[PDB]
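Colleague: Let me see the structure of the following:
(8 chains, ligands or ions: 5)
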Amino acid sequence: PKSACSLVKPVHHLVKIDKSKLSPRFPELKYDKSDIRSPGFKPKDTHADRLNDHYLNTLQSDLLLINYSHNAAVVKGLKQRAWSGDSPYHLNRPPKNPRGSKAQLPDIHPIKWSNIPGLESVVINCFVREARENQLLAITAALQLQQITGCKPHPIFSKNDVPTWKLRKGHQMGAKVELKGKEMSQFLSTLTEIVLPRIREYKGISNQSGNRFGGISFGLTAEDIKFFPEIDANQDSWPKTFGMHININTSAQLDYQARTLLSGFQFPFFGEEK
Amino acid sequence: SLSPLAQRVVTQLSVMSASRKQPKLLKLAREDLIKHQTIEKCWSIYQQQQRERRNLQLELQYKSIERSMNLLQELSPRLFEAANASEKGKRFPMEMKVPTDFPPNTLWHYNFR
Amino acid sequence: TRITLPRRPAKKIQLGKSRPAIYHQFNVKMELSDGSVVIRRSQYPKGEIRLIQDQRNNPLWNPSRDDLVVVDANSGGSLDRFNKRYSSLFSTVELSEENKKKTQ
Amino acid sequence: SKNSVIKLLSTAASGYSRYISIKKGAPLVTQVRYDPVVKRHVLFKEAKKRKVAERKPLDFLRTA
Amino acid sequence: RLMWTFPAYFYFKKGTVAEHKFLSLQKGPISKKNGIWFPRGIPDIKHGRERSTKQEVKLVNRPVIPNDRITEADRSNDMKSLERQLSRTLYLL
Amino acid sequence: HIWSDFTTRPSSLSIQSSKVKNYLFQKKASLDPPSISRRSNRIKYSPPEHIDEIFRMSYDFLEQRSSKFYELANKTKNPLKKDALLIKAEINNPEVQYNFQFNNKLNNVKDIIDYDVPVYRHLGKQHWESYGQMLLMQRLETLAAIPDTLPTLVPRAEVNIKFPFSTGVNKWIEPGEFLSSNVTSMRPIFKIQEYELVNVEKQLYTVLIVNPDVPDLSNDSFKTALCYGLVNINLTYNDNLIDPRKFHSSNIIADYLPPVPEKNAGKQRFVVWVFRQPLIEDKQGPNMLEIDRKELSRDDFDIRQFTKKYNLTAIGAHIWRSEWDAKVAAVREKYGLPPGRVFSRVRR
RNA sequence: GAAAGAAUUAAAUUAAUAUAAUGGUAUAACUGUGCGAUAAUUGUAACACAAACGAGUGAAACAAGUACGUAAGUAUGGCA
RNA sequence: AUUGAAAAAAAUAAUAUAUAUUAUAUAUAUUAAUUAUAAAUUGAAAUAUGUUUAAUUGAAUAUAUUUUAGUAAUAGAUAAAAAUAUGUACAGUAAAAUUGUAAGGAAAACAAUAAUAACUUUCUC
Ligand SMILES: [Mg+2]
Ligand SMILES: [Mg+2]
Ligand SMILES: [Mg+2]
Ligand SMILES: [Mg+2]
Ligand SMILES: [Mg+2]
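Modeller: Numbering: from 1, shown residues only, chains lettered A, B, ... in the order given. Ligands and ions are numbered 1, 2, ... in the order given. Okay, here it is:
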């Protein structure tokens, strides 16, 4: 190679060129995944969704009313500070970090008819630490996820080398899955309706849980996983079962709004709130 | 030479895999392709109208909230402050359950506590 | 010391030929403690199931109701035998006889 | 030291050859390159016989 | 139509009564045999399904009998009972 | 039921094949797809279940929407709004979609795809923008046809070119393609498809083919030559194939001279530009313009000055490439041009 | 008023670069991916940089053949 | 072509046949496959003459031939876990820190953390 010097030549027109349409290659990837001609086609709306219908029919209006605040205004977040131009050395100086944080934080807008909180995704994390010695437990965990949820699990691979825990790097330690729409609706419905009621001593979810910008996380143990219908039906095929974390990601601007939304979906809360 | 545990997990990962389980590709005539296109366009338009009707209802409700708040502010500040008091810790009743697709034996409960 | 099953040469799934994963599921009916029924998608070949303990009979989810009976699995373990074994004593007489101890 | 030398010879019976280094146990090398005598790209294989390392064939049509 | 084959080999173990009865319930596909003409196409079966068509599987223990969605209040047009519409939202006037 | 009406709606908004019409609008799944010609394959085929009644209901829904759009269109006055409402009314028609998707869009047949109709015009615009326009712009940019000849281009018409008289074979030239001297010896024919609202009864077009690569030894550089030029040409949405049938000698400001590159003179680019003349109001009849032929250079051309002077706006373009071969001498002799020059192999 | 796009702006080269340190890199030189495994080929090499010599470094252009690319073109080993 | 059934079609592309051009083009025809590849007495299917059986039919037995089961990860132009360190084409953006989450703690794995004025298509008052 004569040189390593990236440089994009400017154009003389405003027409946007996508070369995937000019290449005769990959004819079947030109169709959208929603197009019946695409091999990636998968029917989406096969049946009505009770949880979504309930949220659209009842909870949107109630949440709007509850979160209404008169003459509210946007609360801007911690952003990068700017150097005052009292010294020449400030001319090309990069901006300063936010006051309390090394990362910028989002602004909080008043709740209005267009931005009511709602569920956007659910992610299940299953990290079998005992899979460090046995790689097959990862496959078992993936099957547990597939049976509980119905979606394709994705493997989790070790990234750090910690000797005290005897954790190497590049090995399969478990599985994950992300849920949206009817599938997450079903997963949450079955959780609340079957599994959580069958836990020994269950008070709810901690009121001091969740990332500070919307999203609530809580865990389940192996005995708790045994309550799901699929496992109970064929106990024989489940000598061992694994726990997992559950992360519910919503549109809530702050965590307490998400807590109210989940309580609407019947998720109990026990601790004292921040 | 494999262990019975190996066979069990291979069966589990067989349930995982797509090998020898998927049917042939769905190939539709031109006329049926056009039919399907019309179905999808109709459904998309319909869902957009439903979403926009809900959005309009919420817009109107929010307008009502703000009009009422202005009136109450100018009429009685005490009641206005009581109303504007935050509900940060609010939770829904625990029997406001999500509807199911067939009703229970006791439709409604006429006694409490 | 670790045990792993060997990796076979992965079949190449070409660009545009990659299909989605649609596992086989059944429209299974699920009966709660009350008479309510929910239709759901399950991969187990069981079209019908009923639950003995679930949301509809849990105090935490049912605060308003006055009376709420609880139950567990049947024909398993030695449950309820601590009552079946003693027939002479039966249900308010014991409550009255448990008035006080008179000890100090 | 750890690397050896090899004489790749052209397939066309022209006597042309080119030399390359290779690891002590690397698989037998063959490569298409220009052959000025015949004026085209032709194949080049080993000249002598080398002790190549043995690698298992891949499990391709599923066995057992 | 685009659904995967049911992996019965995992949900029913070898030689068990459940497996036997499930097989009895199910109806097998048509296998390809030389010397015959198959107008709809030579069968292509893997794991017991013809890949060109959908696959149909038939399946204190009393059967689930759902409750009617229409109530005595529905039929009697009672304007006061809190059952006049189990699927709609009622409002007190 | 406005889509079943054809009193005022053009007849092209319907599938001209009775079999396919009946199958698409069938009541019960008793017919078979006309697309599958062989009966065997027809028996093998199996349409998706529960597809005709959902189709009927979706048809009814879309047709009610189209009826509302027609109601508002019959009352709108501004022509742009009228055209937009017509497009929105007929865009979702299964018959229109069938016709456009599965019939020729270049050599269109008036009774299937009529470009007098706003919906067909809009669908054609979308189809062109999908693939054809992007390729044209890529070729122009990469071959440096834009800055060399004209500052920019905002494509608004599809231009196709062909060389039918030269050899006898039929081929639309891909942009940027290399053509033999024999292929480009005789004359090109153009096809300018317009997709916007333009007054067919007043608008006039010009076409200039120029070569901005003819070497010039006075300053050791290149210069531009006007290969071909036509002015005062009128088109129609469905009859827009320019050829010696559709223009006179008065339209020709520079008769066609062929691509005749010189040996080792490099790869020359022949670029086609289509402009639309000014559209004066308050006057009846097309506004024809006279070209100053004693000022036209024809060998030291300045296209930017030409278009600026005559107030022309480009709407379409095309390009091909040429290089020396053995037939160049024959072409020179046939056209009465002097023997070609021969330049050195090295650029020093 | 609302969705879905196209993206734009601020920040970032502190991660990563096969290997020290320095310079460079998001337009990526970093990372993922499809072909491919071809340029980790052949005969002339101007002209420069560097330079006592001997050596070293960048490389236009002509010719022969390859791989990738719709094309423009890129590749005479590795960001230096 | 046969095969449940009374003029023929008018697109991109792919395949078959053929011939125009010192032009990888045109005409007619059709619309296949797209997760596969040896080796299985033993699991499961479909195919005949007795059969019991009611014109059938049927369900069950016996054999000949064939089919399925070798059950194996990526389903995404995958994108900062580990594996191909040289070419080309397409595409993307890391890292720390903070807040949470079963075992989980400083340290394992997942999720969240800057701004939408302007421009389009669609829906709607
Ligand atoms: Mg390097
Ligand atoms: Mg550095
Ligand atoms: Mg010097
Ligand atoms: Mg020297
Ligand atoms: Mg490189």
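
Colleague: C-alpha only now, for contacts and for neighbours.
Modeller: Noted.

Colleague: all strands for the chain, in order.
Modeller: Since no chain was named, I'll use chain A. Using DSSP state E, the strands found in chain A span residues A:119-127, A:154-157, A:172-179, A:216-220, A:244-250.

Colleague: should've been chain F
Modeller: Going by DSSP E, chain F shows strands at F:157-162, F:177-178, F:189-194, F:205-216, F:221-233, F:241-242, F:252-254, F:268-276, F:313-322.

Colleague: can these go into TSV with extra columns for distance to RNA strand H and mean neighbour count?
Modeller: Formatted as TSV, the strands of chain F follow (distance: least, CA to the nearest atom of the strand, whole Å; neighbours: other CA atoms under 10 Å in any protein chain shown):
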stretch	distance to RNA strand H	mean neighbour count
strand F:157-162	6	21
strand F:177-178	8	15
strand F:189-194	11	20
strand F:205-216	17	20
strand F:221-233	18	20
strand F:241-242	16	18
strand F:252-254	22	18
strand F:268-276	15	22
strand F:313-322	11	22
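
Colleague: sorry, back to before: what's the most buried one of the strands of chain A?
Modeller: Of all the strands of chain A, strand A:172-179 has the most neighbours on average by mean count of other CA atoms under 10 Å in any protein chain shown, namely a mean of 23.

Colleague: For it, which helices and strands make contact with it?
Modeller: Secondary-structure packing of strand A:172-179 (3 or more CA pairs under 8 Å, 6 or more residues apart in numbering or on different chains; DSSP states H and E): strand A:119-127, helix A:136-149, strand A:154-157.

Colleague: and of those, who's closest to residue F:291?
Modeller: Nearest to residue F:291, of all the helices and strands packed on strand A:172-179, is strand A:119-127, at 66.1 Å by CA to CA.

Colleague: roughly how far is the closest one from the heart of the chain?
Modeller: Remark: strand A:119-127 is offset 5 Å from the chain centroid, using CA atoms, centre = their mean, to the nearest Å.

Colleague: for stretch A:192-208, same thing?
Modeller: With CA atoms, centre = their mean as the basis, the mean position of stretch A:192-208 lies at 21 Å from the chain mean.

Colleague: So which bits of stretch F:253-268 are buried?
Modeller: For stretch F:253-268, the neighbour count (16 or more other CA atoms under 10 Å in any protein chain shown) marks F:253-254, F:256-263, F:265-268 as buried.

Colleague: Farthest-apart pair in these, please.
Modeller: F:253 and F:263 (29.0 Å).

Colleague: who touches the residue of chain F found nearest chain C in this structure?
Modeller: Nearest residue of chain F to chain C: residue F:48, at 17.8 Å (CA to the nearest CA). Going by CA atoms under 8 Å, 6 or more residues apart in numbering or on different chains, residue F:48 touches no other residue.

Colleague: all helices for the chain, in order.
Modeller: Since no chain was named, I'll use chain A. A:19-22, A:50-54, A:60-67, A:136-149, A:182-190, A:222-225, A:229-233, A:255-264 (DSSP state H).

Colleague: wrong one, chain F
Modeller: Using DSSP H, helices in chain F cover F:18-24, F:39-44, F:52-75, F:79-90, F:94-101, F:118-127, F:133-142, F:145-149, F:164-167, F:303-310, F:327-335.

Colleague: roughly how far apart are the spatially most central residue of chain E and chain A?
Modeller: By CA atoms, centre = their mean, chain E has its centre lying nearest to residue E:58, at 6.4 Å. Distance of residue E:58 to chain A, computed by CA to the nearest CA, to the nearest Å: 18 Å.

Colleague: Against residue A:147, how distant is that residue?
Modeller: Note on residue E:58: its distance to residue A:147, by CA to CA, to the nearest Å, is 20 Å.

Colleague: For residue D:20, which non-adjacent residue is closest in space?
Modeller: Nearest non-adjacent residue to residue D:20, counting by CA to CA, 6 or more residues apart in numbering or on different chains: residue D:6, 5.5 Å away.
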